[PDB]
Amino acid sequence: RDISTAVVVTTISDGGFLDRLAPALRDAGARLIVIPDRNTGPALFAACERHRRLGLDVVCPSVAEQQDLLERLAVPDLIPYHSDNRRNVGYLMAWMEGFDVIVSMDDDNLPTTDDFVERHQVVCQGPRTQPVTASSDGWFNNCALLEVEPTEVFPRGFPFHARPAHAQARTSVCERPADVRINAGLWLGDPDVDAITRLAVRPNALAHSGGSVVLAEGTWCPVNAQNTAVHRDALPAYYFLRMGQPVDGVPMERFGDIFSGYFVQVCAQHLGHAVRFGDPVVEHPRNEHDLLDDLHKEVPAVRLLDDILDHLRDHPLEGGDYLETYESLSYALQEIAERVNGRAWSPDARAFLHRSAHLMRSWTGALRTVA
């Protein structure tokens, strides 16, 4: 096979996460692209070079190197600073260097097994008749594959209007051709849930008991960027959306990967591809957060997500590859921004979709400049 893999992690820490992330990466020969920011301490570069001597192929381009690359591609204002949106630099760098698998992670997700990179290489097996998982309501709850206490939880970015009626949905498995291009790995410890769920029950993922599934055409599930492998063909559709836009005077945040996880998923199924959920599982000792502040950031995005996901099912896309499909998706978001109705859809909330669509085309324009 001879598959190449690059791990993308943006961080502002000192680099102590390398002591638990490097072993699983250097044993597989994968590259770790660390994306620092302006407010990143100089201890990260010393930690990257400390693990560079141990055999880990890790790079840490300074903010000057990142800006010189983005300026050559006519996108100097696309990716802002003091934000985790800079992981798009790692997405771009890994895509230019010809890596087969781009693994998006955070500085607090730690692989639990030695075959972490090997399990993420499932996005390179190509098409094959395989068992696919379908749901009668068109949604799949990936947290059902985990043992979560005290009660059952839904993942972050899961539509709320479909949660009460999801328990009585019919889940079936059929032998169908599928082409896995996105593999969202599960997480133990603190699972990826929204601030509403974490403030209510404080979930704790005990074990992985559900195995792995491949969702069929029409069944969706939110995909995050903390333990997700994306094939290089689907990478153009995996642009981490820019946050900070006010909805009803409240700037949204924490949903950059919620849109990207859904955008690359809608684009994949249009091109005959599928999304996988399950292994490899990582430990998630989540960074210390103000949970009420996470709620303050997530509310502006939650009030709009359910309407966005519903209109995406009514808008058939066009395109032959992920570049054409993603740009067709951006124009579809602009038509949705004017057809959708509701109390939360103020003029600035509709404008959020229009500016995001322009930033999506600015992202694809930079990739076409490289190729």
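Note that residue numbering follows the sequence shown and begins at 1.
If you take the mean CA temperature factor per stretch, which one wins between 256-264 and 289-297?
Mean B over CA atoms: larger for 289-297.
Once you work out the mean C-alpha B-factor for both 84-92 and 168-176 from the entry, which is higher?
Going by the record's values, the stretch with the higher mean is 168-176.
Given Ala229, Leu271, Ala74, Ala200, identify the residue with the highest C-alpha B factor in the PDB entry.
Result of the comparison over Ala229, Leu271, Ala74, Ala200: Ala74.
Of the options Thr113, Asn142, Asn183, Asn224, which has the highest CA B factor as deposited?
That would be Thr113.
When the deposited Cα B-factors of this chain's modelled residues are ordered and cut into thirds, is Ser212 in the lowest, the middle or the highest one?
It falls in the bottom third of the chain.
Lowest, middle or highest third: where is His161 by Cα B-factor in its chain?
Ranked within chain, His161 CA B lands in the highest tercile.
Can you tell me whether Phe45 has a C-alpha B-factor in the lowest, middle or highest third compared with the other modelled residues of the same chain?
It falls in the top third of the chain.
Tell me, lowest, middle or highest third: where does the Cα B factor of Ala337 rank within its chain?
Tercile = lowest for this residue's CA B-factor.
For the chain shown, is the CA B-factor of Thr11 in the lowest, middle or highest third of its modelled residues?
Its C-alpha B-factor, which the entry lists for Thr11, ranks in the middle third among residues of this chain.
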